[PDB]
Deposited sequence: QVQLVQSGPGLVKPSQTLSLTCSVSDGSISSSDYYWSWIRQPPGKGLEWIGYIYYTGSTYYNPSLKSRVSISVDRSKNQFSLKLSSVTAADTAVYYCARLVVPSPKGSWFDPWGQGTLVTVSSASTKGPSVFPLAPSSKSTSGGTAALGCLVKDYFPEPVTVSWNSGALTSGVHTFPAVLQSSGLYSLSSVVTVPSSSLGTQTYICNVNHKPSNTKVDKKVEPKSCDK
């Protein structure tokens, strides 16, 4: 199987150029049988094909964005990139890279896909979050972490470096009047484990390159 790994800034100021890169693993981008495309999806809306590129450099964009889109390929580094100029708030969307298969006029499909990169177009400056522990107080108890006042989205929260996933509930963020985001992630655990088992949430906010680990201990 093949794998697509996306990368790029999640925040682009208005009138600036959006730039993303998709790297291919477990497969060569220099295959004569495949196209390499970009698809975007505004939050809560549908999918829009942006354009694809052949391993030789030939491109074919959606004419609704042809004036603003530039897709390049680097077969030596097994990557292909996307550039969108004069971005606006209308361009805030999750962007996907996908392998486009077109073996015959019978049909064509996208497989596989990248995991998606949320790019927010705004003028608000990047801000790292403040993380406060949600202490349990009481068979099962609930504890968590508070990720407050950050921009832009998203933040990644794991527990015990991924060793705790069952019972974890990372809620969707909330937009505050100040324009900054804030979310909490909690996990329900047995009460008897509070004095022995350690619970640490791992908050990652790539736009600010801030990773913090807050150990959640009972109130005292």
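- Residues of the deposited sequence lacking C-alpha coordinates, numbered from 1, fall in the stretches 139-143, 226-228.
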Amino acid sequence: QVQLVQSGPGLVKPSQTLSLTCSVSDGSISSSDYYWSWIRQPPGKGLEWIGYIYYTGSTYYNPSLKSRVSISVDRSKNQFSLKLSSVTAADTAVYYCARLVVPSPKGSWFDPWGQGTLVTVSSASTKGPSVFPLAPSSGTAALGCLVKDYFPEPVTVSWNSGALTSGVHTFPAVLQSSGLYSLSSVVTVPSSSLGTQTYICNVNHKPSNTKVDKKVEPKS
From here on, numbers count along this sequence of modelled residues.
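- Higher mean CA temperature factor between 75-83 and 90-98: 75-83, per the PDB entry.
- Judged by mean Cα B factor in the deposited record, 191-199 ranks above the other of 191-199 and 65-73.
- Ranked within its chain, residue 17 lands in the lowest third, by CA B factor from the PDB record.
- Compared with the other modelled residues of the chain, the Cα B-factor recorded for residue 132 ranks in the middle third.
- Per the PDB record, residue ranking by Cα B-factor puts residue 181 in the highest third of the chain.
- In the deposited entry, the Cα temperature factor of residue 138 sits in the top third of values across the chain's modelled residues.
- In the PDB entry, a CA B factor belonging to the highest third of its chain's modelled residues is recorded for residue 167.
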